[PDB]
Amino acid sequence: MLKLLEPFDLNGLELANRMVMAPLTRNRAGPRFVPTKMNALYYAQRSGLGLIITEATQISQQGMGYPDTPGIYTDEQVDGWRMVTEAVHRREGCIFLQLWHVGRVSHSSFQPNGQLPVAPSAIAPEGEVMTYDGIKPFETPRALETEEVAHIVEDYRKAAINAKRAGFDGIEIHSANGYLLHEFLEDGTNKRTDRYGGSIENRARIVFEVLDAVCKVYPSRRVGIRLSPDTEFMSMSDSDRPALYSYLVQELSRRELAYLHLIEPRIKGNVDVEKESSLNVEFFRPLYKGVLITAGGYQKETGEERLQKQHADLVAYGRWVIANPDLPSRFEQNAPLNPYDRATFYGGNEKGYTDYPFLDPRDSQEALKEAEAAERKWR
Ligand SMILES: Cc1cc2nc3c(=O)[nH]c(=O)nc-3n(C[C@H](O)[C@H](O)[C@H](O)COP(=O)(O)O)c2cc1C
Ligand SMILES: O=Cc1ccc(O)cc1
Ligand SMILES: O=Cc1ccc(O)cc1
Ligand SMILES: O=Cc1ccc(O)cc1
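The following refers to the structure shown.

Thresholds applied
Residues numbered from 1 in each chain as written, not as in the entry; some residues may be left out. Chains lettered and ligands numbered in written order. Heavy atoms only, no water. Helix = DSSP H or I, 4+ residues; strand = E, 2+ residues; numbered from the N terminus. Polar contact = N/O pair within 3.5 Å; in protein donor to acceptor, adjacent residues only side chain to side chain. Contact = heavy atoms within 4.5 Å. Near = heavy atom within 4 Å. Areas by Shrake-Rupley, 256 points an atom, 1.4 Å probe, with all protein chains shown as cover. 1 Å grid on protein atoms, 1.4 Å probe; cavity = no way out; pocket = protein on both sides within 12 Å on 5 of 7 lines; lining within 4 Å. Sits in = over half its atoms within 2 Å of the grid points. Nonpolar A, V, L, I, M, F, W, Y, C, P; charged D, E, K, R; others polar. Salt bridge = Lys/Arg side-chain N within 4 Å of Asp/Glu carboxyl O. Buried < 20%, exposed > 50% of the residue type's maximum accessible area, 1.4 Å probe, protein only.

### Side note on the side chain of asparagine 280
Inference 1: Looking at the element boundaries, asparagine 280 is found in the loop between β14 (271-272) and α7 (281-284).
Inference 2: Looking at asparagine 280, its side chain comes within polar contact range of the main-chain nitrogen of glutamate 282, at 3.0 Å.
Inference 3: Sequence-distant contacts of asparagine 280, defined by excluding residues within four places in its chain, comprise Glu264, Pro265 and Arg306.

In structure tokens form, the structure reads like this:
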């Protein structure tokens, strides 16, 4: 009955349904930012979603800004992720790795040699940041030299190479929620006077250069990108967001990527917020000719309506999938939804992570079986 449960052809990846597990930072990486058998269980549990997008995964230590998030820049991290992608896949799931660089949303205590976080311009975000040594005020970041942007692009390329060896079906470029690429896009944070600043074309340049680089590793139909066209999250602002994101989406459309993943304005990064904006998925559907994922604040009823009225092709769910590993089955049965517990979103252990229940206990047993086999396979 539900279009949400209709299988979907993602250019040769046949997704079981039109529901996506949104990327969700959970801060449960092991030593040296290496994924664990518990992470493998978590994703295996959620393999019933048509497509999984991982938690944001830093391409370098410079690109990290929160405790215990996983990386993709070392061989040990690759081998940890192999456990995850093997357990997914054995459950006949499909999974893309979200590539991250936090830009100015970090702290020198996370950085190599106690260096400052990097950014397009030396402007600190408002407020405070969690560090190993307690909550601290944000620092003014270091503005990147023109010649340094290519090195960060190369970090994305190397991250894509590692994602491929880890077995990911594809990769998603995180260009949303106030991190490095988003900081370049928007003129509230990008004050540069070189070829990466000024015009809308110049402000998008770094994004196109990242896409150019990772599309030398993965074919374009296995590279997605995530944008947040209208958010105040992490002190973001731009003088003409309709012009900026119309240009960007129109350019992205010509590149024939895997998909474009858009966050609805009613979400401020990780929380709900009331807001009047026209820059929702309906604004962008006519501007983008490919696969369009809509995310942010959806329920069963509103996600289904987005698909029925052809405003998007796939609907991503974040907090509901945290709490409901078998969310597609629950939707199909019109079953209750387990409530999501924000207190256990970030950090911690199995509690509020892998202990949310399934409708069918055999589903939980199968996820455990495949996670355990993957751990033996890739120990
Ligand atoms: C705990 C938590 C972690 C998140 N981590 C990420 C992330 O790593 N990368 C990202 O692009 N978005 C992240 N988000 C935003 C979500 O992907 C999603 O857009 C948001 O939760 C709104 O969708 P929802 O109403 O379905 O939860 C996170 C959100 C939450 C609540
Ligand atoms: O560099 C150390 C290392 C450890 C375990 C691995 O699987 C790979 C590399
Ligand atoms: O750590 C939390 C987080 C929130 C939003 C993101 O996009 C990425 C990470
Ligand atoms: O890794 C532990 C952790 C806890 C709370 C956070 O907000 C982030 C990370």
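Having seen the structure, we can now continue with the description.
### So, the site of ligand 3
Inference 1: In the vicinity of ligand 3, the contacting residues are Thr25, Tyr66, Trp100, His174, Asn177, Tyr179 and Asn270.
Inference 2: In this structure, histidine 174 approaches ligand 3 through a side-chain N or O atom, which is 2.8 Å from an oxygen atom.
Inference 3: Within the side chain of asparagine 177, one N or O atom sits 2.9 Å away from an oxygen atom of ligand 3.
Inference 4: Protein burial of ligand 3: of its 270 Å² of free accessible surface, 88% is covered by the chains.
Inference 5: Put simply, ligand 3 lies in the largest pocket.
Inference 6: Split by residue class, the shell around ligand 3 holds three nonpolar, four polar and no charged.

### Topic: the pattern of salt bridges
Inference 1: Scanning the entire structure with this criterion turns up 31 salt bridges.
Inference 2: The closest approach of N and O atoms between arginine 165 and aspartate 75, which form a salt bridge, is 2.9 Å. With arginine 165 in helix α3 (residues 149-166) and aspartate 75 in helix α2 (residues 75-90), this residue pair connects regions lying 90 residues apart in the sequence.
Inference 3: Looking at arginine 165, the relative accessible area reads 35%, which means it is partly exposed.
Inference 4: On the basis of relative accessible area, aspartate 75 is assigned to the exposed category, the value being 53%.
Inference 5: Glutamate 232 is the partner of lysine 275 in a salt bridge, and the nearest nitrogen-oxygen pair spans 2.7 Å. Of the two residues, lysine 275 is situated in the loop between β14 and α7 and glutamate 232 in the loop between β11 (223-227) and α6 (241-254); the sequence distance between them amounts to 43 residues.

### Focus on the environment of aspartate 75
Inference 1: For the pair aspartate 75 and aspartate 363, spaced 288 residues apart in the sequence, the C-alpha separation amounts to 32 Å.
Inference 2: At 2.9 Å, the side chain of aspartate 75 forms a polar contact with the side chain of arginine 165.

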